[PDB]
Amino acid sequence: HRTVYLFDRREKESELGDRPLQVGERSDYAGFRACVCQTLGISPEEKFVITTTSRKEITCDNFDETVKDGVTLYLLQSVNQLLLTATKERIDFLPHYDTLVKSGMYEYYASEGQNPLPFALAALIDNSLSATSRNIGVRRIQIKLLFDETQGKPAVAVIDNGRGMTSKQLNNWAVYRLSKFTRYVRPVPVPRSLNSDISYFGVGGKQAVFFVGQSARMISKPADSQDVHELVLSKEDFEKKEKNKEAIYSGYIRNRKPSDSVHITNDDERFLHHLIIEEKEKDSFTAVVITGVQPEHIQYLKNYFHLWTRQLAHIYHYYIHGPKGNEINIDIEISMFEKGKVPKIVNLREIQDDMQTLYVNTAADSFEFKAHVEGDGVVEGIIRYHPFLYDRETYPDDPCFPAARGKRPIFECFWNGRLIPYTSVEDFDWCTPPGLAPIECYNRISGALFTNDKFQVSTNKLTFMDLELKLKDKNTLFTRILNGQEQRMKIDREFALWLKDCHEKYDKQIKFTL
């Protein structure tokens, strides 16, 4: 049985409403037309016509190809009669499954001399940070690059010991654009907004997995749950469901006891048996297993291991090292496996040449402030002084920007504690050179800005929407943070005086002639 919707539009006064019509398999136009004449009281002496909404007339030849399930049909005196009264033609407009499969394909663009693949990994780290935010003890977040072909096909796995997901929460995860606002306890403010409350849009994890690869296997277990819940979303399963005319967004969660990998029969996915065996220890976990990894991603992760782990340490510097930075707990552990090589392992806390560590440890002093923007948003700011010592500047180098800072921007920008990589602020009026402090001192300052969600970011969290615009608005008030207290100030003069004091206390102009 397939339903069609018939509008009688022979005369203006014809019934406004449509008449639905159940049509069984292997029926013909003559049968269809007879029923119409009978129910509606129409002599088979009327020369009326039946047309689609495009005015294509139904005939015996085209009946089966034209009268499909769901179509709307017109009863007309003639094929091109004037539509005296308006019709309502039912439609379905379900999003195409590429809403998921292509959600990350054209989002992570390259900018400022950076490879964006680690930003997809950061999206998954963000999820694990939120999931581990109330852990008693260690918050463990592992990224395993299973690129050893003696264990199966390449796979990227992100595993944490967070709170995990129920069947329902795992169902929610699969819903594109289902966020914490739609499916929530807004956290109490905290310095640098290191609150682990990084989610906003309900899409980031899906963009990441389908950017990295073509199939995601979610494995999760809350502490309360006896059972492990497992859900696969993949390009292959959508294509299969399309070809077989099955519901595109229907599937099933596999519930199972911990450590049971009997459902893994693909030898390509061998490595999953060992991942699933590891579940016995864990009271609560989530594992994101990505397969169908694009070859260009694998080659970058193999050949630039020190660079892209550094990028991640840079992004999560203040989550790793706390609000003061790495003045030289969360364990973010990367491990990569290749045929013929010892496992490569690094805890991001080990990394010492990420840009923030260099800024923090080459700084002689700092200048701390807040910016109060119209709309009640508050930005935390820090400026750091990197002094000239005898014969050299100490402002650290940045490989993306091959006398001290140069033409580089002063400020890196952080949102809920993590770096937003493609938004920098060059300077403000009050920290550019006009004077009361020597000009070259304005080139010795680096900085960081910290917001919470009051300042919007783009969906991919690569950029702020309008951070600089709001900070430089005429109504924005700047305050100084000193000894824990916040106070209004005359910032142009008070920053200059701070800069002059830094020059006199820290800059050293003594050198043996060459």
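Numbers for residues come from their place in the sequence shown, where the first is 1.
Gap check for residue 295 to residue 296: zero deposited residues are absent from the model. According to the entry, the stretch of the deposited sequence that connects residue 328 to residue 329 contains 10 or more residues lacking coordinates, which leaves a long gap in the model. The stretch with the higher mean CA B factor, choosing between 97-105 and 111-119, is 111-119. Of the two stretches examined, 204-212 and 435-443, the record assigns the greater average C-alpha temperature factor to 435-443. Across the options 488, 454, 68, 470, the residue with the most elevated CA B-factor in the record is 68.
When the Cα B-factors of 410, 413, 156, 400 are read from the PDB record, 400 comes out highest. Among all modelled residues in its chain, residue 340 ranks in the highest third by Cα B-factor. The entry lists a Cα temperature factor for residue 349 that places it in the lowest third of the chain's modelled residues. Annotation for residue 368: CA B-factor lies in the lowest third of the chain's modelled residues.
The entry lists a Cα temperature factor for residue 396 that places it in the middle third of the chain's modelled residues. The entry lists a Cα temperature factor for residue 458 that places it in the lowest third of the chain's modelled residues.
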